[PDB]
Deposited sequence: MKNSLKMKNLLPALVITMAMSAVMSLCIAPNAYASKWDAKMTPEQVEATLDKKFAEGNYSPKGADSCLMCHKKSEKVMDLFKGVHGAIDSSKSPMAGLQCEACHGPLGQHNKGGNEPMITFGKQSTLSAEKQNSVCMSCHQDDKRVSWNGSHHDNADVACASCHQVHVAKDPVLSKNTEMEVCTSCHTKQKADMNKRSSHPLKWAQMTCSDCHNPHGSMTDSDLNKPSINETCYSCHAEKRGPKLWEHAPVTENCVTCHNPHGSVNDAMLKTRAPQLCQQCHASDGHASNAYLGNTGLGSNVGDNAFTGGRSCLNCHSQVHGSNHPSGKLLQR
């Protein structure tokens, strides 16, 4: 058999220097149905149902993913079927392209430019004062997310927000003797994972952050007016200047010191 002939009518371009133009393994062309698998010649085009005219791009059909799904449901394409992308009528083809050697999306220098085309918010966020080093492509969204959708809420590659942070910040994984409750519970109770005006990607910083949760009588619950005109400069005190509350409570992510309950040492 074989049908070695669909090729010669077509302009000898779509070089198959890539993985799906390879031949050795029992998947794609050899020991398989060749340009049939992705297009479909029971009786080839120039002849809608049971016919050989598979479009495959940003253009004509939609929900065509069916075809590559017969072939690719590994551990990572699970939850794709209700995925924010699938339900957005996004297609495997709008991201990936097969008909050229090595796919651009899997260069990590570029996986951003593709994702930021729709997710315009992130293109602001990684220009902010602090953020993960995506601008110059030391990292990209694949490090945190899986674009095919995960069972976790914002399609994170790990089963919860904190164990996706721990893949790189293991220093901060438990269990510590005296842990700060918010840190253990959810890391983005304080941090914005894409970027922030404030340093260390904090939603709010220095004293007011702590004063959102700490209301005990005394120095934790006073008004720190800062620059005032009447005498109080902003960098002349340990509460608003320097590292604010962390000049005395530096272990904000928890302590394993016998006397660390107040996050002091």
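Gaps between the deposited sequence and the modelled structure occur at positions 1-61, 74-77, 113-115.
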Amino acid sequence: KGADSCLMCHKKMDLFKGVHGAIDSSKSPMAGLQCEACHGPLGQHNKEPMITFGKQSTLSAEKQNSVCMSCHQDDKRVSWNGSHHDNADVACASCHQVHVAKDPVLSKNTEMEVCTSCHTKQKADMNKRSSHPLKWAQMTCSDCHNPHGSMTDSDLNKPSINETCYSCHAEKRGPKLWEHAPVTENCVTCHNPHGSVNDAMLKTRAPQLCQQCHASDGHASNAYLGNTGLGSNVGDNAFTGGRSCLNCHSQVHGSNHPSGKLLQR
From here on, numbers count along this sequence of modelled residues.
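According to the PDB record, 20-28 carries the higher mean C-alpha B-factor of the two stretches 20-28 and 247-255. Stretch comparison (69-77 versus 141-149) by mean CA B-factor in the PDB entry places 69-77 on top. Looking only at 118, 92, 101, 177, the residue with the top Cα B factor in the deposited structure is 101. Residues shown: 52, 196, 204, 216. Highest C-alpha temperature factor in the entry: 52. In the PDB entry, a CA B factor belonging to the lowest third of its chain's modelled residues is recorded for residue 222. When the CA B factors of the chain's modelled residues are split into thirds, the value for residue 233 lands in the middle one. Among the modelled residues of the chain, residue 189 sits in the lowest third by CA temperature factor in this PDB entry.
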